[PDB]
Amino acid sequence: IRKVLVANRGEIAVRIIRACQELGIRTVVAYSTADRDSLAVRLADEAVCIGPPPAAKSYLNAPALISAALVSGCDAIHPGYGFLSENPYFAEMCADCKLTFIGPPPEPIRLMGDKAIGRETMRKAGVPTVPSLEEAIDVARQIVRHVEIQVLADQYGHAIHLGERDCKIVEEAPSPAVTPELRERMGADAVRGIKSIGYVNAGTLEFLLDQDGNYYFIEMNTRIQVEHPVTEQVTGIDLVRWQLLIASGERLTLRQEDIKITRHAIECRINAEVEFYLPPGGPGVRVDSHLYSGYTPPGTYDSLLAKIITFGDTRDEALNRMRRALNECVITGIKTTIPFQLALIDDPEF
């Protein structure tokens, strides 16, 4: 992979540019009339305006995105999260036009696009899923947290799991209800399922968790999630770089024994000019944002402004480091979701 087209905006745009740069991958970014003043335009080597401020006109328009890759010499497109990431047509078009879609192959996206088909595809895999009048009584005499599992795979059949995250305004990894043994079990079933559908790259399978520890699959996201940085903190893995590498055609040199959860991490999403922006910092803080002082946020797309992810060796260490980092994050000129999140962290029930 030599030059990538980033077809998203915001944080995820900056995050893909950061991954690319760390790997020697040049970058061209796709922006709308509304996202001209994005940090991504500055951070990226090159940039192309694909359309008008509305999304259908722009980010959800594949012909424009492919054209941008082509004018720019990009050999790959990173979908990001949202938009056309889980669109199987865009993937096919990227291939037809000889560009590498950094993601799952078109077919796994379609199977998991319909929740029902996916639940069945997974039942066939052996992944646990949710459990005449007379027949109905009989079925009834034999008959929840939200936890998500991270998976990653090669173009050669090796897949791994990178753990669980608990859920969206706050996400924490590890789950506070998950023992090491369940995680291992939840993950294997997941890796097996992704292998069943022939999955390539990163993805996340959502499950619902019982009082007794029984797990039932709900949906799979064939993309990267907003919730990825928390997994990384706990495991030491750059998932975004790995996607670029896998797309390059490289093998997953990682193994399951290699992946272990070492820290407790929590992520809070800060959502709605940012006249002043002082991120937090110091020990135990990661800020993934596209904000800067002097930024007039476009309201055409999201609420998201910043993502602070605090880690620690205990859950309370991390919760207390977020306390600090949310009282240090100075997003001025706009009202933010920081005040609410501060309440949640110190909610006794949380």
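From 1 onward, residues are counted along the sequence shown.
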Continuity check for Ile143 and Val144, given as deposited residues lacking coordinates between them: 10 or more
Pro131-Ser132 interval: deposited residues absent from the model: 4 to 9
Residue range whose averaged C-alpha B-factor is higher in the record, 298 to 306 or 284 to 292: 298 to 306
230 to 238 or 244 to 252, whichever carries the higher mean Cα B-factor: 244 to 252
Highest recorded Cα temperature factor - choice among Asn271, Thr262, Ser196, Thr100: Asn271
Given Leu208, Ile77, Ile224, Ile160, the residue at which the Cα B factor reaches its maximum: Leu208
Assigned third (lowest, middle, highest) for the C-alpha B factor of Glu317: lowest
Ranked against its chain, the third holding the CA B-factor of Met112: middle
Position of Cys49 among the chain's modelled residues by C-alpha B-factor, lowest, middle or highest third: highest
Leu182, C-alpha B-factor rank within chain (lowest, middle or highest third): highest
Entry-reported Cα temperature factor of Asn327, expressed as the chain third it lands in: middle
